[PDB]
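Structure record follows, encoded as structure tokens.
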Amino acid sequence: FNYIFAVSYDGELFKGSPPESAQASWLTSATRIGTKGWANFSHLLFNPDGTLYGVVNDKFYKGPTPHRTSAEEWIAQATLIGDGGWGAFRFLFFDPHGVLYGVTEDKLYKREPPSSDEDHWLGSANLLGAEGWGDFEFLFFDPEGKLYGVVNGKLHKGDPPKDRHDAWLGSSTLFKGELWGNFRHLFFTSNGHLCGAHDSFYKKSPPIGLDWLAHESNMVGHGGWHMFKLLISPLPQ
């Protein structure tokens with residue numbers, strides 16, 4: 001079993017099985033686990049250990065997945081792990097190992113996540129890429145820890161760079177297609193299905209291959225997805 005988590009523009013948070021049926025209403029099959037205020041975060045992301053991390057008002061938090069909770073109740077109970085600078089991250093996202101990656105000021109960094117706001121995260125983070133990361137439209141991992149990035153509407157994959165001298169984009173593998181920036185959401189499920197959504201949701205089960213995602217044959221939710229601000233799914237540990 002794995003799940004998609006969706007924040008709507010009404011500030012509700014839903015949990016449900018990934019969509020498979022183009023005519024089905026995915027919301028009908030889903031459970032509301034967050035009641036209100038969930039669209040107020042700048043960032044919301046899963047740790048593969050199953051903890052939810054979130055950035056709201058430039059502060060970073062971690063806590064258990066909510067169980068019919070407002071965003072306010074959740075934040076009040078969460079551990080504060082950062083204060084100042086976090087809202088500016090273009091991307092913040094975990095690898096399958098629970099190592100935090102982040103893009104800020106055009107650069108890519110990784111490090112164990114903070115556990116307190118005294119821990120200046122950038123101060124000891126590993127610089128992976130000195131330039132060009134601020135132009136990506138998406139940047140995310142699969143369950144195997146391959147990195148995926150969209151730039152100039154094209155989707156690239158490759159082992160993540162290990163230091164600033166790895167020319168990642170230069171050595172990466174190119175998907176077919178030049179409309180990958182037209183998705184609002186593009187991510188992997190826990191079980192390695194590639195998901196892309198705008199108003200409609202497209203999903204490719206493994207093997208993913210290198211074909212264009214948004215083919216009529218991969219459509220699993222025809223219409224109605226414009227209601228979600230965020231769709232995420234945890235990677236396994």
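By convention in this document, the chains of the structure tokens carry letters A, B, ... by their order, each chain's residues are numbered from 1, and ligands are numbered from 1 in the order they are shown.
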Using DSSP assignments from the backbone, pull out every residue in stretch 78-212 of chain A that falls under alpha helix (DSSP H) and give it to me as number ranges by chain. A: 168-171
Those residues with N, CA and C atoms, as a CSV table (one decimal), in the first residue's frame please?
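Result written to out28.csv:
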```
chain,number,residue,atom,x,y,z
A,168,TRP,N,26.3,17.7,-13.4
A,168,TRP,CA,25.1,16.8,-13.4
A,168,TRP,C,24.3,16.9,-14.7
A,169,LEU,N,23.9,18.1,-15.1
A,169,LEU,CA,23.0,18.2,-16.3
A,169,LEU,C,23.7,17.6,-17.5
A,170,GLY,N,24.9,18.0,-17.7
A,170,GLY,CA,25.8,17.4,-18.7
A,170,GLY,C,25.9,15.9,-18.8
A,171,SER,N,25.9,15.1,-17.7
A,171,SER,CA,26.0,13.7,-17.7
A,171,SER,C,24.6,13.0,-17.6
```
Exercise: residue A:160 partners within 12 Å, only C-alpha atoms, chain neighbours under 3 positions left out, as a list in words: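 In the requested format, the answer is residues 95, 101, 108, 109, 110, 128, 129, 139, 140, 141, 142, 144, 145, 146, 147, 148, 149, 156, 157, 163, 164, 165, 166, 167, 168, 169, 171 and 172 of chain A.
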Do a neighbour search on stretch 219-232 of chain A at 10 Å with only C-alpha atoms, toss out local chain neighbours closer than 3 positions, and write the hits as an MDAnalysis selection string. chainID A and resid 3:15 18:27 38:39 43:46 184:190 195:204 213:216 235
I need the strand (DSSP E) residues of stretch 37-215 of chain A per DSSP on the backbone, written as a PyMOL selection string. chain A and resi 43-46+52-56+59-63+79-83+91-94+100-104+107-111+126-129+138-141+147-151+154-158+173-174+185-188+194-197+201-204
Have a look at atom CA of residue A:36 and atom CA of residue A:54 and let me know their distance in Å, one decimal.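 Those two atoms sit 15.0 Å apart.
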Residue A:50: which residues within 8 Å, counting only C-alpha atoms, same-chain residues fewer than 6 positions away excluded, as a PyMOL selection string? chain A and resi 64-65+234
Go ahead and compute the interatomic distance for atom CA of residue A:151 and atom CA of residue A:209, in Å to one decimal.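 Straight-line distance from atom CA of residue A:151 to atom CA of residue A:209 works out to 19.0 Å.
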For residue A:62, please output as a PyMOL selection string all residues within 6 Å (counting only C-alpha atoms; exclusion window: fewer than 3 positions along the same chain). chain A and resi 52-53+78-79
Could you dump the residues just selected with N, CA, C and O atoms as a PDB file, in the first residue's frame?
```pdb
ATOM      1  N   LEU A  52       6.296  14.265   8.752  1.00  0.00           N
ATOM      2  CA  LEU A  52       5.970  15.359   7.873  1.00  0.00           C
ATOM      3  C   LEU A  52       6.792  16.577   8.302  1.00  0.00           C
ATOM      4  O   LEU A  52       6.921  16.842   9.503  1.00  0.00           O
ATOM      5  N   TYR A  53       7.379  17.285   7.313  1.00  0.00           N
ATOM      6  CA  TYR A  53       8.157  18.492   7.554  1.00  0.00           C
ATOM      7  C   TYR A  53       7.462  19.619   6.812  1.00  0.00           C
ATOM      8  O   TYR A  53       6.950  19.426   5.694  1.00  0.00           O
ATOM      9  N   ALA A  78       4.298  20.756  16.759  1.00  0.00           N
ATOM     10  CA  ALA A  78       5.416  20.233  15.970  1.00  0.00           C
ATOM     11  C   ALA A  78       6.723  20.681  16.654  1.00  0.00           C
ATOM     12  O   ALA A  78       6.684  21.564  17.511  1.00  0.00           O
ATOM     13  N   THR A  79       7.845  20.010  16.381  1.00  0.00           N
ATOM     14  CA  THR A  79       9.167  20.520  16.796  1.00  0.00           C
ATOM     15  C   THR A  79       9.634  21.591  15.819  1.00  0.00           C
ATOM     16  O   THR A  79       9.713  21.315  14.620  1.00  0.00           O
TER      17      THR A  79
END
```
All residues 8 Å or closer to residue A:90, only C-alpha atoms, same chain fewer than 3 positions away omitted, as a list in words: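 Everything that qualifies: residues 102, 103, 104 and 134 of chain A.
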